[PDB]
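The structure appears below as structure tokens.
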Amino acid sequence: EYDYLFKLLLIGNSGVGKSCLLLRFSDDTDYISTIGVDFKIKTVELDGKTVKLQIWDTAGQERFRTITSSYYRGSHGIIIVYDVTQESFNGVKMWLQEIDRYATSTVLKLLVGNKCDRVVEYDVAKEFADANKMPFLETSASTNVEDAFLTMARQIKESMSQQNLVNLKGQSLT
Amino acid sequence: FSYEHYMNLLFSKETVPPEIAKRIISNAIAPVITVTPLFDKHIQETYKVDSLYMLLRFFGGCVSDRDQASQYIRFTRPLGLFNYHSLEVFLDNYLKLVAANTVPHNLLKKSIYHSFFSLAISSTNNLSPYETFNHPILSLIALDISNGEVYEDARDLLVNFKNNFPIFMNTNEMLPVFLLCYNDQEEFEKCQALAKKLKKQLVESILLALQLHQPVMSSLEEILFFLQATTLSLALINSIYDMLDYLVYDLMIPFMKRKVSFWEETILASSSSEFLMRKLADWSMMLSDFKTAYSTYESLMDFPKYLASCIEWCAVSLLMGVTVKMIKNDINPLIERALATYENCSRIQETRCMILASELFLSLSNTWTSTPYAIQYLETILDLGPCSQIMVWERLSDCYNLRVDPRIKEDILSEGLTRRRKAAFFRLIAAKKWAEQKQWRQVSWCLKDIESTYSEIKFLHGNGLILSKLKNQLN
Amino acid sequence: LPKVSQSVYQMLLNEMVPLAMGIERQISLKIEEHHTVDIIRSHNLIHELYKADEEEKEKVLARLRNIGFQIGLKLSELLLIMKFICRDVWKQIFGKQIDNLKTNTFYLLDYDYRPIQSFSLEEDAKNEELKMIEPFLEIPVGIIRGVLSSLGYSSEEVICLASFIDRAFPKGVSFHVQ
Amino acid sequence: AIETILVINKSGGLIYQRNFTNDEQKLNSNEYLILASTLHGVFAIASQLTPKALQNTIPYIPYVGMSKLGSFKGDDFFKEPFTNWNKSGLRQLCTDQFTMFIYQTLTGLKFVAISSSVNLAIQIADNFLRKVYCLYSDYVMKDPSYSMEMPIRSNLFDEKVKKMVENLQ
Amino acid sequence: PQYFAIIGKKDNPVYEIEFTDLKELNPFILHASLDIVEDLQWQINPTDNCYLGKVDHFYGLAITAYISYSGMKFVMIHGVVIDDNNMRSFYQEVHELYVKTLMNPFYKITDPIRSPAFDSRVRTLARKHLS
Amino acid sequence: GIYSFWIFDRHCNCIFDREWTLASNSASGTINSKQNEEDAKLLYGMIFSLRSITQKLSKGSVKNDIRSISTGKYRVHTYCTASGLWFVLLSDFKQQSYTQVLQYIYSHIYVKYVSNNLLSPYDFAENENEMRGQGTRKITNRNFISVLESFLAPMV
Amino acid sequence: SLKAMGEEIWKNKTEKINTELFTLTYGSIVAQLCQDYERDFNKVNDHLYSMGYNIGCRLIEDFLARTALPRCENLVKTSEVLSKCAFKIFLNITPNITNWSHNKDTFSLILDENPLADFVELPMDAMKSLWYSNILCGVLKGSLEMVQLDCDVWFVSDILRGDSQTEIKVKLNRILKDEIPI
Amino acid sequence: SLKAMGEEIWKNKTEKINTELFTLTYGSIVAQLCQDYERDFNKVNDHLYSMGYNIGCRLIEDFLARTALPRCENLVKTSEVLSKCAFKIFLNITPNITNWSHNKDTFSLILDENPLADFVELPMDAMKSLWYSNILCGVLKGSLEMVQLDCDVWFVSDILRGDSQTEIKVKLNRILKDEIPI
Amino acid sequence: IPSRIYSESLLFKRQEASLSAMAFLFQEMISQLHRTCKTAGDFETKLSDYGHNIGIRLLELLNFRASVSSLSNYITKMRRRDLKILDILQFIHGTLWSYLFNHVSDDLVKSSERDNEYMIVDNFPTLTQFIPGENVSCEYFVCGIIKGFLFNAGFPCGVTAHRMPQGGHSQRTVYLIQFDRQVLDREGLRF
Ligand SMILES: *C(=O)CCCCCCCCCCCCCCC
Ligand SMILES: *C(=O)CCCCCCCCCCCCCCC
């Protein structure tokens with residue numbers, strides 16, 4: 001079974017199509033708008049290791065001050081998603097500004113523009129992504145986001161940095 | 001290999017010497033033969049030699065080996081204590097010649113030491129109160145009628161041979177022999193006629209016809225002259241060797257054996273009465289008849305000089321022909337009594353005994369059982385000239401080179417047994433003293449040997465120490 | 001003996017009011033495979049009846065009166081004629097025979113009227129509470145009239161007037177009969 | 001009589017789970033992971049919601065699941081009462097055929113034991129879970145192969161936990 | 001007391017001190033005596049088997065020796081006849097000081113000893129026990 | 001004693017609150033106050049989440065339910081129903097088994113005065129525009145509140 | 001068990017009231033209902049069905065409080081709770097179950113002791129299209145919907161119509177999905 | 001008090017080995033590390049810091065499990081807890097606090113015993129750049145970060161550097177508001 | 001002249017650290033090793049080199065301290081240097097582990113198949129007890145402690161570890177000492 005467990009969380013504005021991004025990537029299969037967390041999983045084979053990426057999906061103004069505090073502390077990866085709708089892209093700035101408060105610096109951060117079918121600009125996302133060293137995607141619901149997920153898993157596994165590497169039918173002397 | 005080419009190893013052919021010390025001792029304690037007028041003039045006309053004595057001196061040692069190409073003889077001038085100064089100057093001139101001559105040293109030092117030892121043995125009074133080994137025993141009167149000489153010359157020569165002279169000597173004892181030469185033919189017939197007349201009336205007779213040379217074991221004084229500077233025909237060499245063989249095996253050795261028979265029958269400074277048994281023992285040693293020599297010495301227990309020499313040569317007889325036990329009870333106690341006699345004579349008032357017994361021990365088969373005794377005696381002589389004592393140091397180094405247990409020949413097993421470091425230390429001591437009596441090739445050879453044991457260490461190898469000082473010295 | 005539960009019959013008695021209101025409504029959603037009928041819920045129906053115009057309210061009230069008339073007209077299968085309605089008719093219809101009975105006019109005064117035991121509205125609307133619980137009295141009115149009907153007394157000779165202002169919901173009921 | 005023990009890290013996620021009854025594994029390891037993460041979520045929500053009116057110490061049970069305790073002397077780990085550390089977080093969960101008990105640490109590391117006995121039960125549970133925390137400090141922290149929040153893969157820890165639950169169960 | 005030295009299994013001196021010609025020849029005398037020291041190393045009864053004591057003589061320079069458990073050889077050219085107990089006590093003291101020297105985790109077994117404290121203290125020990 | 005009392009309908013809405021404050025016999029608090037709505041949602045989620053857990057770890061006899069949810073600060077109790085009405089009740093650690101009290105409250109206060117009340121709108125769902133978890137209709141029957149507080153007074 | 005629990009509740013807990021009074025009550029209710037309907041019985045059946053729905057919607061809460069049963073996922077459990085407890089409490093009849101079709105999405109409940117139509121005899125005009133105890137069908141629909149078992153239920157036989165017995169077919173349409181907040 | 005609890009816990013609730021082994025092992029580690037890094041002692045100090053951090057991040061769990069103390073309400077209580085039970089359990093020594101700066105934000109731990117540094121003299125190149133017990137500094141930083149007390153820790157004095165008595169400055173920067181939800 | 005090491009004594013300071021502290025230090029030693037060596041062989045020989053350092057000190061420590069009845073003031077006799085293999089292994093059994101791990105080694109077992117082999121066994125390895133699994137490569141540290149301890153005494157060796165669980169002891173470790181042939185040759189020559 002699994003030998004390594006990594007934590008990712010995908011977040012964004014409420015109206016963003018987060019679920020269609022997750023589900024195609026997800027495992028075989030509530031808890032959203034009740035505790036603020038929808039959980040998905042994907043097992044993957046990384047250097048012969050059965051490592052599971054557990055993806056957390058959160059939102060809600062009524063529960064913002066409980067999502068931010070507890071579900072960010074031990075993240076091994078962070079994903080920002082915004083639909084191509086512009087309010088979401090503006091909110092991405094405050095998102096990235098409030099991630100670093102709880103998330104440690106060395107967590108990989110990735111950005112996605114979702115649900116193309118282009119009512120927002122394109123170059124602005126790219127340059128703002130390059131500002132904060134952000135691998136950015138411009139995709140719609142698959143669309144090779146799973147490849148970026150596997151790449152992120154590879155990078156975290158690298159950051160772990162763990163090298164894998166007489167009959168004696170004698171006589172007693174006492 | 002060739003015994004000649006070890007005693008003169010410096011005249012390319014490096015190998016081991018077999019049992020060389022015993023052969024050296026026999027070669028220096030061989031019978032002495034004299035050599036004698038218009039005849040040396042004939043030689044000078046033919047062969048560039050002042051007198052016949054040198055020409056026959058170039059045929060010393062073992063006759064049967066045909067030394068120039070088992071019984072030895074040495075030749076001395078006509079008839080009529082430890083002079084170590086002569087030995088030292090010999091060493092100096094010899095080493096100077098070696099430096100001029102020589103290039104692996106691994107046997108040159110061995111040969112030079114053995115020659116040193118050989119001359120050290122023969123370095124007592126040339127006619128000792130006791131040691132009869134230097135007495136001429138066969139007087140070879142020589143003539144050549146082919147030049148023109150005649151019977152009356154031989155008559156007068158033998159007449160003059162018949163007896164200032166010493167008291168021990170007895171001219172009737174020495175066996176005369178008439179060497180008659182010729183230059184080939186009727187001269188040979190009249191030589192036989194004269195030989196017939198001489199044998200019937202007077203003695204015996206030897207008929208003698210008439211590439212380089214490398215002599216050995218003449219005596220202390222001739223080698224000095226030798227160091228201040230020939231060829232001959234091979235057939236002449238063979239003829240000389242054959243006539244010497246006839247003399248030694250059919251004229252001298254039979255006379256020896258007749259004499260020994262008479263002595264032993266009559267046995268069941270002084271010149272007779274007690275000279276009998278001591279000379280009997282001396283000639284028993286001379287002919288390798290060791291056990292009778294030992295018995296005769298043991299019966300001889302009746303003085304400041306004679307007794308010490310007798311006990312010394314008794315021990316030498318035991319050595320010359322061997323377990324720990326008899327050394328514990330016979331050899332070393334005998335040597336100790338010999339010492340006691342020598343310090344007694346000093347109180348009244350030695351080195352030869354020590355330098356003899358050292359090599360005699362060193363020549364034995366069981367190196368591990370008794371080499372220690374040779375080391376002890378050599379150390380006892382370290383207590384003599386400097387330049388010889390350097391060779392003694394070298395000899396102790398060679399002795400300590402052979403104190404490894406036979407049962408081995410990292411390296412944890414071998415550390416506690418071998419004494420190679422002491423050998424290196426003594427080699428360096430010899431190198432130092434060689435540097436004193438400035439001799440650059442000798443110290444060079446010593447350092448060459450040292451480098452094996454002393455290269456691995458670094459603290460010793462550093463400057464400010466005699467390794468660096470001596471290495472820079474040779475520049 | 002014959003026995004059934006009580007909550008069912010009691011709440012069905014309560015529900016004969018939405019019957020009358022609904023029938024006077026549809027005289028003029030939920031589905032069946034053959035019936036996509038237009039339906040209306042219950043509580044909205046009673047709010048409408050209270051809020052309904054007058055003449056429809058008299059028609060509905062007369063309908064409930066007739067329902068109770070038929071309910072009580074045949075109560076002759078358990079064995080003064082007016083007092084028949086007081087002695088044991090309420091021991092079966094409601095269990096509580098009327099506490100206060102008096103004559104000469106006939107007054108019947110009861111407390112803790114059963115079928116409206118649970119019908120209190122929002123806390124601030126007591127007057128609407130009584131004004132909306134009013135129609136449930138007519139079932140006893142029909143019952144008393146029907147039992148009197150055909151039992152040796154003329155229906156028209158007596159008119160039964162019911163109300164409740166008397167002394168959970170202690171506003172007891174009062175009936176007057178001739 | 002415990003039927004399951006499992007522990008959860010600060011990040012939110014199962015790191016070790018183990019049953020002790022006969023084939024209760026009707027849930028995937030993925031399902032147990034989701035269950036543990038939902039436990040973390042309801043921990044985050046069960047302290048955020050406290051009564052407006054309000055806007056302790058565990059007695060030492062003697063020998064819960066006992067009789068060289070790794071690095072601990074004595075026949076039992078400790079011998080005095082100690083204190084709770086989650087003051088206003090989820091602590092018990094009774095249910096018609098089981099009773100889940102949960103323990104927490106200052107370091108944000110969470111323990112869960114699902115007993116089947118159905119307050120003294122909570123006290124005994126926290127005592128036992130402190131024993132298991134001692135085992136965690138012994139055989140999971142003194143392991144160089146272990147990455148700080150990835151799942152446990154220790155055999156001595158498994159043996160000790162099973163020994164304790166068979167002492168209890 | 002003519003020369004003191006401490007030599008390792010590689011046969012290099014980790015430390016030598018010249019107490020106050022022979023001043024030039026002392027190390028070679030020492031390195032020569034090393035062989036008999038090693039010979040007495042492995043012999044039961046060479047009763048402690050580390051205080052060898054007198055081992056060799058060279059012109060009456062009686063060398064004496066003592067062996068540590070790690071094979072370090074404490075050995076000195078004395079000069080004469082030496083006293084057993086005093087020489088043994090001095091050897092014990094310098095062995096203890098060497099053991100304390102060996103504890104330094106930065107110390108290699110082959111590094112020469114260079115702490116001036118060790119030099120001064122073995123000097124004082126010698127003047128306590130020998131002079 | 002008791003700290004609160006909540007009733008939630010099956011349509012993911014809170015329909016009754018009671019937040020006792022001063023712990024008196026008739027302590028003044030909040031009833032159907034808007035301020036608790038956020039808290040209501042939170043409580044709902046917590047109950048819902050734990051209910052899911054109890055649905056996962058079912059032995060097999062019956063799909064079971066949560067009885068008590070004790071935090072470090074309080075103890076909760078809940079008596080669900082087939083109709084989907086969650087009857088939540090917060091309290092301290094003083095008393096542990098409120099099952100009889102919840103059963104009585106459901107069976108002779110809610111049943112008596114809400115189910116059997118034609119004026120009372122059962123199911124409290126106007127239409128789809130609010131039915132799917134939104135909408136804040138509450139229960140405000142005079143009889144229900146009066147008798148509920150009357151019976152629940154002795155344990156606060 | 002369901003049987004013992006139901007008998008305990010009915011015998012000890014709930015009290016008595018005359019069956020014949022209830023039958024007369026339903027006679028009056030259906031008679032005055034069909035009076036104003038000018039003898040049109042399809043409309044009567046529809047309105048009775050709506051009545052039954054509204055009845056069951058409120059009766060179910062009292063039912064669940066009287067017992068302590070949880071929900072039921074499969075229709076078999078609906079069968080046992082209906083036959084053993086629900087009818088046996090509310091009017092004390094133990095109807096049988098038969099005609100279990102495939103998939104267990106349908107089953108026929110037989111109500112021989114039906115007191116709604118106990119002694120009432122219908123006129124020939126009424127026999128054509130009247131369903132006398134349609135209120136029971138509406139109640140079953142409403143109550144089973146209230147549990148999140150959306151259902152369709154209607155008559156298959158009635159003794160009043162000359163059929164073999166009084167039997168009603170309960171047919172599942174879908175099990176309703178438990179909702180969650182947005 | 002803290003004294004009695006720490007004393008009992010060290011006495012008869014923790015395992016005992018010979019301290020010579022511990023100090024010798026640390027000496028081996030640091031000696032080999034110093035040899036590896038080409039005598040560059042800045043890198044040695046940083047590597048020892050990382051080492052100590054990695055030990056402390058785990059040793060916090062053992063400390064809490066063995067002692068099971070409440071939360072730390074102030075830095076003074078953290079200092080007393082440290083000096084009176086932490087070093088008393090693991091290293092079996094009682095450090096001290098002697099520099100209470102303004103705001104009580106900083107405090108200087110005093111290591112009178114320091115078993116890590118037994119039988120150590122430093123090379124003359126290391127005499128002015130290498131701190132020997134820097135692992136015991138990294139441990140304090142790492143372990144106090146796992147209790148959200150973010151502290152910068154360094155050395156000031158060191159007996160091995162010739163000073164009068166070794167000391168370790170511990171300055172709390174900021175109490176992290178990522179504390180556990182409780 | 002000032003200095004500490006020569007002034008501070010070396011008599012046994014009967015003071016003890018926690019097993020947990022040394023366990024954590026050992027854990028990070030192994031982890032830091034793992035970070036910077038590819039294969040198992042390099043890892044385990046490096047750890048054995050750490051043990052080599054520890055043992056080369058420890059031989060002198062124990063041998064000098066056992067001498068007693070400034071500590072040279074108290075010593076009337078030094079303990080005999082260990083020459084025979086039997087005596088040095090008896091010392092390793094009854095004094096080295098009695099000191100280092102506080103209990104005498106379980107039993108000293110001389111091999112039978114190969115002669116130079118010898119066996120020293122630990123029932124419950126008192127230092128590596130927390131390493132999970134049975135990847136024996138962890139306890140080469142102890143092997144190093146033996147190796148250097150033997151190595152200065154004059155006994156080159158290739159000491160190694162194996163795990164041979166038996167007798168209801170799941171963690172039993174046998175350290176085999178493989179004396180170099182020259183050691184047995186010296187044993188043959190003398191004695
Ligand atoms: C699964 O748990 C189902 C819930 C329990 C059964 C609900 C059915 C109750 C309806 C009974 C109606 C009886 C008729 C009363 C006379 C009108
Ligand atoms: C208040 O919150 C208490 C937390 C205090 C944590 C104390 C950590 C103790 C560290 C002691 C040093 C250990 C050194 C030995 C490891 C090599």
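In the structure tokens, the first chain shown is A, the next is B, and so on; residue numbers restart at 1 for each chain, and ligands run from 1 in the order shown.
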Can you work out which residues are within 7 Å of ligand 2, considering only C-alpha atoms and all ligand atoms, and then hand them over as a short mmCIF file (atom, residue, chain, number, x, y, z; two decimals) with C-alpha atoms, in the first residue's frame?
```
data_model
loop_
_atom_site.label_atom_id
_atom_site.label_comp_id
_atom_site.auth_asym_id
_atom_site.auth_seq_id
_atom_site.Cartn_x
_atom_site.Cartn_y
_atom_site.Cartn_z
CA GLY H 52 21.02 19.77 16.26
CA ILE H 55 17.53 16.07 16.71
CA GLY H 56 15.52 18.70 18.58
CA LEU H 59 13.39 15.10 20.91
CA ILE H 60 10.57 17.53 21.72
CA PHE H 63 10.44 15.34 26.30
CA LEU H 69 3.96 19.32 31.20
CA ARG H 71 1.59 24.73 27.97
CA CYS H 72 4.32 27.32 28.55
CA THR H 78 10.21 27.93 29.57
CA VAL H 81 11.37 24.03 32.61
CA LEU H 82 14.49 23.77 30.44
CA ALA H 86 15.06 19.07 30.23
CA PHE H 87 18.82 18.92 30.67
CA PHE H 90 18.70 13.92 28.76
CA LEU H 91 22.18 15.16 29.70
CA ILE H 135 24.50 20.71 18.14
CA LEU H 136 23.19 21.59 21.61
CA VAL H 139 18.57 21.28 19.42
CA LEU H 140 17.25 24.17 21.49
CA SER H 143 12.75 21.87 19.78
CA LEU H 144 11.48 25.31 20.78
CA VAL H 147 6.37 24.44 20.58
CA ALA I 21 19.70 11.21 24.26
CA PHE I 24 18.74 10.40 19.21
CA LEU I 25 22.38 11.28 18.58
#
```
Calculate the C-alpha RMSD, in Å to one decimal, after superposing chain H onto chain G by least squares over all C-alpha atoms paired in sequence order.
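The root-mean-square deviation of C-alpha positions is 1.6 Å.
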Hey, what's within 12 Å of residue 127 of chain B if we count only C-alpha atoms and toss same-chain stuff fewer than 4 positions away? As an NGL selection string, please?
:B and (32 or 76 or 79-81 or 122-123 or 131-136 or 165-169 or 269)
Counting only C-alpha atoms, the option among E:111, E:16, E:119, E:11 closest to chain H:
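Closest to chain H of all the choices is E:111.
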Looking only at alpha helix (DSSP H) from DSSP on the backbone, list the matching residues of segment 36-164 of chain H as a PyMOL selection string.
chain H and resi 36+41-67+75-81+87-89+135-145
For chain F against chain D, which residues fall within 6 Å using only C-alpha atoms, given as number ranges by chain?
F: 21, 46, 66-73
Interatomic distance between atom CA of residue 435 of chain B and atom CA of residue 475 of chain B?
12.5 Å
